[PDB]
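Down below is the structure, laid out as structure tokens.
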Amino acid sequence: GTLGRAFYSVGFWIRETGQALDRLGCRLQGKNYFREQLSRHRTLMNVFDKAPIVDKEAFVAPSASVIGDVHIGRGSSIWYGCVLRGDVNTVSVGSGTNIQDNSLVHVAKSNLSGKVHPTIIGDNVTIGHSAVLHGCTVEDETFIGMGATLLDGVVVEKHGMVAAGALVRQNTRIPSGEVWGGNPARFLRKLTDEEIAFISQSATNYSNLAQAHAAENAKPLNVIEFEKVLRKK
Amino acid sequence: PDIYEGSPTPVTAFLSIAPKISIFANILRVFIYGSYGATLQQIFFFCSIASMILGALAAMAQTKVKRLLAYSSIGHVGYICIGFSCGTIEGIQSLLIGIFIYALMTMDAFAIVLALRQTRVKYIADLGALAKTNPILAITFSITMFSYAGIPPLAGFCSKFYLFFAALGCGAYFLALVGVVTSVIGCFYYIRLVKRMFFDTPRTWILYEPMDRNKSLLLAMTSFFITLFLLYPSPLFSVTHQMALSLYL
Amino acid sequence: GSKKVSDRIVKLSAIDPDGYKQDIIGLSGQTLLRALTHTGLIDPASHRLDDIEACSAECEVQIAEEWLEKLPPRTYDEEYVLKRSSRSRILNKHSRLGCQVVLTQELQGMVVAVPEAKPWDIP
Amino acid sequence: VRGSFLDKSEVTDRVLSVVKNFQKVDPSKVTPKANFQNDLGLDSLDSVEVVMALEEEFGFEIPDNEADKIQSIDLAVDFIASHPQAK
Amino acid sequence: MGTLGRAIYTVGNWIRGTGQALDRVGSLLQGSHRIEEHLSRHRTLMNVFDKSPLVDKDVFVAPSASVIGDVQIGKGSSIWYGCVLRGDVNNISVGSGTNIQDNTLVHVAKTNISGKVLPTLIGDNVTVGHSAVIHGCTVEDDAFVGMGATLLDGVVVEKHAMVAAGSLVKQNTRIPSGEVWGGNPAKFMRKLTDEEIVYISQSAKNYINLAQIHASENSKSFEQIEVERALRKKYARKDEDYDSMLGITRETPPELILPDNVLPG
Amino acid sequence: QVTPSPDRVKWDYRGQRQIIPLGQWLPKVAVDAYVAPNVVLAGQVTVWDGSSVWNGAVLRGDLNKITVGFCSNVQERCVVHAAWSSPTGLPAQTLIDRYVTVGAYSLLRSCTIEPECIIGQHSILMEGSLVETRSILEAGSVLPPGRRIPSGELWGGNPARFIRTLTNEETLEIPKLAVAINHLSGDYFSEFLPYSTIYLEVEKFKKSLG
Amino acid sequence: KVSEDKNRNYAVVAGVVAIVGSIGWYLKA
Ligand SMILES: C/C=C/C(=O)SCCNC(=O)CCNC(=O)[C@H](O)C(C)(C)COP(=O)(O)OP(=O)(O)OC[C@H]1O[C@@H](n2cnc3c(N)ncnc32)[C@H](O)[C@@H]1OP(=O)(O)O
Ligand SMILES: CCCCCCCCCCCC(=O)SCCNC(=O)CCNC(=O)[C@H](O)C(C)(C)COP(=O)(O)O
Ligand SMILES: [Fe+3]
Ligand SMILES: [Zn+2]
Numbered sequence: 002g003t004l005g006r007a008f009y010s011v012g013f014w015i016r017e018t019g020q021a022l023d024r025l026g027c028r029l030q031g032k033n034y035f036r037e038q039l040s041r042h043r044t045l046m047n048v049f050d051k052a053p054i055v056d057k058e059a060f061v062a063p064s065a066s067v068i069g070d071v072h073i074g075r076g077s078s079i080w081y082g083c084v085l086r087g088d089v090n091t092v093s094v095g096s097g098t099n100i101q102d103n104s105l106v107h108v109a110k111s112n113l114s115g116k117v118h119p120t121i122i123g124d125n126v127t128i129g130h131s132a133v134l135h136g137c138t139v140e141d142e143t144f145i146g147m148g149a150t151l152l153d154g155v156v157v158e159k160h161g162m163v164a165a166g167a168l169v170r171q172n173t174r175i176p177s178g179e180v181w182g183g184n185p186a187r188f189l190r191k192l193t194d195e196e197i198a199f200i201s202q203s204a205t206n207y208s209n210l211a212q213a214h215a216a217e218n219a220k221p222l223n224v225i226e227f228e229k230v231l232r233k234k
Numbered sequence: 251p252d253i254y255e256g257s258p259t260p261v262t263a264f265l266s267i268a269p270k271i272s273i274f275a276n277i278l279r280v281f282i283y284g285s286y287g288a289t290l291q292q293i294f295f296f297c298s299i300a301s302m303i304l305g306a307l308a309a310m311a312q313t314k315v316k317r318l319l320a321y322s323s324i325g326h327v328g329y330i331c332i333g334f335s336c337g338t339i340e341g342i343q344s345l346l347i348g349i350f351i352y353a354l355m356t357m358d359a360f361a362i363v364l365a366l367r368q369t370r371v372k373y374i375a376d377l378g379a380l381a382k383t384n385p386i387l388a389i390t391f392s393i394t395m396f397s398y399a400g401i402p403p404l405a406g407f408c409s410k411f412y413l414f415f416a417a418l419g420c421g422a423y424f425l426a427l428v429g430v431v432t433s434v435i436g437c438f439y440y441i442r443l444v445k446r447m448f449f450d451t452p453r454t455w456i457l458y459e460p461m462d463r464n465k466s467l468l469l470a471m472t473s474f475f476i477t478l479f480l481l482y483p484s485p486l487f488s489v490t491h492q493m494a495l496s497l498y499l
Numbered sequence: 037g038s039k040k041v042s043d044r045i046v047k048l049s050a051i052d053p054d055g056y057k058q059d060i061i062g063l064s065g066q067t068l069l070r071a072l073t074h075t076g077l078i079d080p081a082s083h084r085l086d087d088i089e090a091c092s093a094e095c096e097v098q099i100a101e102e103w104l105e106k107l108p109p110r111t112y113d114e115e116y117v118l119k120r121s122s123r124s125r126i127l128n129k130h131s132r133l134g135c136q137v138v139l140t141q142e143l144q145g146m147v148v149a150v151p152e153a154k155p156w157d158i159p
Numbered sequence: 040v041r042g043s044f045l046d047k048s049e050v051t052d053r054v055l056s057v058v059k060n061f062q063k064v065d066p067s068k069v070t071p072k073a074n075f076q077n078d079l080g081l082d083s084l085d086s087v088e089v090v091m092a093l094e095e096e097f098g099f100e101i102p103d104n105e106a107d108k109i110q111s112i113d114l115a116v117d118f119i120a121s122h123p124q125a126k
Numbered sequence: 001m002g003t004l005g006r007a008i009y010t011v012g013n014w015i016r017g018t019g020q021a022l023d024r025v026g027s028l029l030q031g032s033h034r035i036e037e038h039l040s041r042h043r044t045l046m047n048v049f050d051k052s053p054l055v056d057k058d059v060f061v062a063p064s065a066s067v068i069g070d071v072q073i074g075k076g077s078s079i080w081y082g083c084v085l086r087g088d089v090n091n092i093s094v095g096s097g098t099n100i101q102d103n104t105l106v107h108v109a110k111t112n113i114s115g116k117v118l119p120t121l122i123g124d125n126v127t128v129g130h131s132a133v134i135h136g137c138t139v140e141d142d143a144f145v146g147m148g149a150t151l152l153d154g155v156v157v158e159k160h161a162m163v164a165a166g167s168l169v170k171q172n173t174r175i176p177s178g179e180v181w182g183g184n185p186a187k188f189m190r191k192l193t194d195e196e197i198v199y200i201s202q203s204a205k206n207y208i209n210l211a212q213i214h215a216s217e218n219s220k221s222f223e224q225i226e227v228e229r230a231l232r233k234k235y236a237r238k239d240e241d242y243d244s245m246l247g248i249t250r251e252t253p254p255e256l257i258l259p260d261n262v263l264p265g
Numbered sequence: 044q045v046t047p048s049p050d051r052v053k054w055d056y057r058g059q060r061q062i063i064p065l066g067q068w069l070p071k072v073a074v075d076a077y078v079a080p081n082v083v084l085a086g087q088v089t090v091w092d093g094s095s096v097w098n099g100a101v102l103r104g105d106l107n108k109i110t111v112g113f114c115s116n117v118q119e120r121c122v123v124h125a126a127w128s129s130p131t132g133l134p135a136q137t138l139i140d141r142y143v144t145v146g147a148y149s150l151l152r153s154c155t156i157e158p159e160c161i162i163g164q165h166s167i168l169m170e171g172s173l174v175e176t177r178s179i180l181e182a183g184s185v186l187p188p189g190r191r192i193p194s195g196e197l198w199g200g201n202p203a204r205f206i207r208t209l210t211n212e213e214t215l216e217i218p219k220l221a222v223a224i225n226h227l228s229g230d231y232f233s234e235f236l237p238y239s240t241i242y243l244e245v246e247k248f249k250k251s252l253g
Numbered sequence: 075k076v077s078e079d080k081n082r083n084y085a086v087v088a089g090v091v092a093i094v095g096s097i098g099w100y101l102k103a
């Protein structure tokens, strides 16, 4: 709360002073390594006491951005280039759910247009590449087409499908077993059983793929690349 | 006005303050100390009146910041020379107090001008929407303009207060009337800048680069002096009384 | 898309001080000065606002009488500025302040003469 | 008062005379919208000599880009009436 | 050097220790809530399933790009900031002189729903616009995919064909030569003028030139970055009047001058 | 043939540099502007006072100037580029004026947005297009090259079409949206001290290698 | 192990001398 925020602010003053002192000490020794422009990107970023809570069996790509109060469950996966920003409200991701590359899952930045809705992503959900989820609920075992946009208030009922490139307008409800698509999103047809099987099997295949990518990313950083970057001329 | 505009702005800032201190020291030690008397003071009386009137009108006509400041300085030397005209101990003391306060205020104003010269300020209209783009700078500059206009309890009132004190002391009501009218005119053309920075909604804005540490520190100190001098004015009063006495003893 | 920027484009010809004719482009509803600064015929840095209170005739242009009837008559302030910024303190009948001329569709093809730049950067 | 342009009414007659005075031009086909090549029986060499005569008349140089656009009378007129160096 | 050198070095050690201890104390006062910034773990090129990307010598890969798995990129191509080329379940092939612009996703499929699953093929001299998404489709040579456009599995963009910016090209759709398609769903719009064909070629060549300056900048070392930062500050403004008084002519150092092929003229 | 380089850097410990100068073209960021750590600014890019650029956005000014205005925001994963010239014949710099909200995942290339406009999420503004002041675009809009959004109007669609004229109150609410987003960005600006402490990690990585 | 820049070291000595001298100046007045 307020007292925690005051201690966080005063803490930053002590840290600023200490880091300045370290830079002084390095300057007296004739070192300029602190001037190097290194990336300050954090895979998990806190905004005061709103931090992400990520399950140990969840793959998160290092270049992904998870900011604020974000919950990722077991067996879930946040792929390369994704951004999840729950600060004004919360963002929760169920288990076994894949958020594909360059997807954006965020909440409204301001309450000017009313109260800010949280974003709820259910279980065994597939979110396609470069999809935009904005304060919407996406129930279990649903399919969000790649390049699609879901606006605040939207509900995608279980076994719902949003077609690739679709624009689901604000407060639209997508019923179960329906395929909606286009701009604005409109009912196209019903979901077949083969496609339901594909939904579940695709969520399972991506959990196995996430595991493989997590092992290759956790491999220790190669020293030879470091020495090559260091000794360049 | 022509030299103040045409010179490089730091030259304008320097010429606005130091030569006046030194030439007024000369004027005191030559005239107040020598002894021709009435004519010498009538010279300065008539020139003070002309300076107040002409400075007020010409400043009211200006659209560029540097010219406005030049004409304001002309008007203020008129106000200061009213003190030399009366030829008393309080006249010399008030002349010295007026010089000191005008110098600090001018240093404030030229610190702001040099800060805005990094984005090439030239016209009064260039300051449009400065209260949005840099609100604390617009407040500091508004304080300087109200101090220039003599609005109490800012330091600028002190000098204005004397003008009327001598006018009713040396028995001069035409001087008092000139002071009232020219003070009103000055107030108008100073608050026009506050209107430009706060009340206007221009279509095109100029975004200004932030100032360096030297000017921010000098501005902070001079602004604190301008707002808070009338709370503790004893040292300046005592020291100027000392100087006025030491002219003869 | 039923609404193009070409709907607002105004075609125009400006003659530079060395007498060379150029075809310039501008938007209706914007001043002639904006169209002139697009190509650098007039330095934008010398006249950043479109206000008569920030003008020392750095935007001044000369226009023939045929296009001068298609414009509102010069205001007292405009003539004051032009006359005082003249080196001879003489008001030129074909002079207009480019910041006070708003381009409209009836000014299509208007030809404008751009004189030598006056000095504008005060030390 | 000052001016930068020669009145158009003053320009048309000046271009009208120099073509009439120019040889191979009977002063009867010299309508103010005449083409030196088609309506005046002038070859390309004669047409070049006409723009030259107007340059000297108005005391200013005319660039090659615009020397060619002056193929008719009305065209020569407009150019000079809007050119400020014409005096 | 010397005794004074050693004494100052030792005192600097003490000051550093004090500074880091103060930083630790300040972290404790914050409640340990702030997540510490760490060394970068993003890998520009990565192996997966014993598949390594095959990238030519003269290829710009932005350090922020992700090239993963079985990816082949040919001579003169360029992968820009934020691009993700994930060849983990199938092959991705990029021809020569092809630009994949910022924030673009290129992915493959192991088994499409119906029909023969195919890898992702992008031909020579192809322009792919910003934030496009290419999924299991074929783009032939001298084609143009607009920015924000989306190609689904089985799509074939033919030679000298265009996909308009922001389009959604449905599965198995074939954009024939000479046409531009667009909209959601993508459909025929009009024929491609020859001027637009020239535009496509020029776009590919311009991006080849742009890739050079970006690649040169992104591969500089810390020391060269510092040298050029000092030089840039040195030559940011000028006093040619005082220079003429001194009788000297300050010249822009060559490391701050861009090649003429990227200049607007 | 694809002949690789044995010296190609596969892992860079520094990561992607946020500021990419190009010759003398140095991106210029105001001291009170928020730029997310993984944003890339390259070349002729100016980010003015009170503005904000959020995670994953790319602003590449290698072919023309890019300007983000006073209290304007360029939200997550937007791409702003520019060209040498526009089909309209006007100057082709990308100008995002003051109090402008550019919705996340939007692509801008040589477009002008006049002050106090809202660009919907996932929108596309192409070369030479113009959005006049006090206008709003819906999410998913597509503005083709050289097109124009007239002032005081709400547009949307692919390609964008007129929807309705805005009321006064709706237009008064646009600068409030920009100001609120800047207020939010203040919280993110407050999380970063002037220097990072990565160089210490680099130092111990170097020491643990000799 | 050692700071090499001699001019930097002399400047450091001058700064320390100024600080200690100012402290002594206060302490003896
Ligand atoms: C060297 C540097 C190279 C680069 O980096 S460039 C790569 C990044 N740039 C781009 O991706 C943009 C390239 N240009 C285009 O995509 C463009 O639009 C395009 C290539 C379809 C064509 O755009 P045009 O300006 O030529 O529009 P048209 O008049 O020819 O088409 C008519 C029609 O199409 C529609 N319009 C046209 N363009 C599009 C689209 N795309 N979508 C939707 N709707 C459109 C519109 O409705 C128009 O009117 P309506 O019939 O009333 O609807
Ligand atoms: C001050 C004096 C010093 C300078 C003068 C020096 C001497 C000048 C003479 C030198 C130039 C020549 O003879 S150079 C030779 C000039 N003649 C030719 O070009 C031969 C081909 N003829 C034609 O092209 C046409 O008959 C022609 C009428 C020209 C135009 O075409 P039109 O029929 O479609 O008008
Ligand atoms: Fe003007
Ligand atoms: Zn995929």
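Residue numbers (the entry's author numbering), protein chains in the order written: chain z, 2 to 234; chain N, 251 to 499; chain O, 37 to 159; chain U, 40 to 126; chain y, 1 to 265; chain x, 44 to 253; chain v, 75 to 103. Backbone N, C-alpha and C fix where the C-beta goes; we use that ideal spot for every residue, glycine too.
May I have the straight-line CA-CA distance separating x:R207 from O:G37, to the nearest angstrom?
If you number the sixth sequence from 1, residue 207 of chain x lands on position 164. If you number the third sequence from 1, residue 37 of chain O lands on position 1. Cα to Cα, the separation comes out at about 16 angstroms.
Which of the three DSSP states is assigned to U:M91 in this structure?
By one-based count along the fourth sequence, residue 91 of chain U stands at place 52. Helix.
Any residues in the region 198-210 of chain x with a beta carbon nearer than 9 angstroms to a beta carbon of chain O? Which ones, in chain order?
Using a CB distance below 9 angstroms, the part of the region 198-210 of chain x facing chain O consists of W198, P202, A203, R204, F205, ordered along the chain.
Give the residues of chain y in contact with z:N184, contact being defined as C-beta atoms less than 8 angstroms apart.
Here residue 184 of chain z is taken as the residue at index 183 of the first sequence, counted from 1. Near z:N184 (Cβ distances below 8 angstroms), the residues of chain y are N184.
Applying a beta-carbon distance threshold of less than 7 angstroms, which residues of chain x neighbour z:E217?
Counted from its first residue, the first sequence places residue 217 of chain z at position 216. Here the premise fails: no neighbours, minimum Cβ distance about 12 angstroms.
Closer than 5 angstroms is what we want: which residues have a beta carbon that near any heavy atom of ligand 2? List them in chain order.
That query returns the following residues: U:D82, U:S83, U:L84.
Out of curiosity, what's the CA-to-CA distance linking z:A164 and z:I145?
Sequence index remark: in the first sequence, residue 164 of chain z carries index 163 (1-based). Sequence index remark: in the first sequence, residue 145 of chain z carries index 144 (1-based). Taking the straight line joining both Cα atoms gives about 7 angstroms.
DSSP bridge partner residues for z:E179 (one or two, in chain order):
Residue 179 of chain z sits at position 178 when you count from the first residue of the first sequence. Note: z:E179 sits in a beta bridge opposite z:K191.
Between x:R152, x:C154, x:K108, x:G189, which has its C-alpha nearest x:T131's C-alpha?
Counting from one through the sixth sequence, the residue named residue 131 of chain x turns up at place 88. The residue with the shortest Cα to Cα distance from x:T131 is x:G189.
Quick one: does the C-beta of O:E94 sit closer than 7 angstroms to a heavy atom of ligand 3?
For the purposes of this step, residue 94 of chain O is identified with residue 58 of the third sequence, where counting begins at 1. The answer is yes for O:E94.
Is y:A109 near ligand 4, judged by its Cβ being under 7 angstroms from some heavy atom?
The residue labelled residue 109 of chain y in the question sits at position 109 within the fifth sequence. At least one heavy atom of ligand 4 is nearer than 7 angstroms to the Cβ of y:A109, so yes.
Comparing C-alpha positions only, which one of y:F60, y:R86, y:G69 sits nearest to y:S78?
The residue labelled residue 78 of chain y in the question sits at position 78 within the fifth sequence. Ranking y:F60, y:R86, y:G69 by Cα distance to y:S78 puts y:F60 first.
Identify which residue in N:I293, N:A361, N:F438, N:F479 has its Cα closest to the Cα of N:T259.
The residue labelled residue 259 of chain N in the question sits at position 9 within the second sequence. Nearest option by C-alpha distance: N:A361.
Please state whether DSSP places y:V117 in a helix, a strand or coil.
In the fifth sequence, residue 117 of chain y corresponds to position 117, counting from 1. The answer is coil: DSSP assigns y:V117 none of H, G, I, E or B.
Cross-chain neighbours of v:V86 in chain z, by beta carbon under 9 angstroms:
Residue mapping note: residue 86 of chain v aligns to position 12 of the seventh sequence, counting from 1. Within 9 angstroms Cβ-Cβ: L29.
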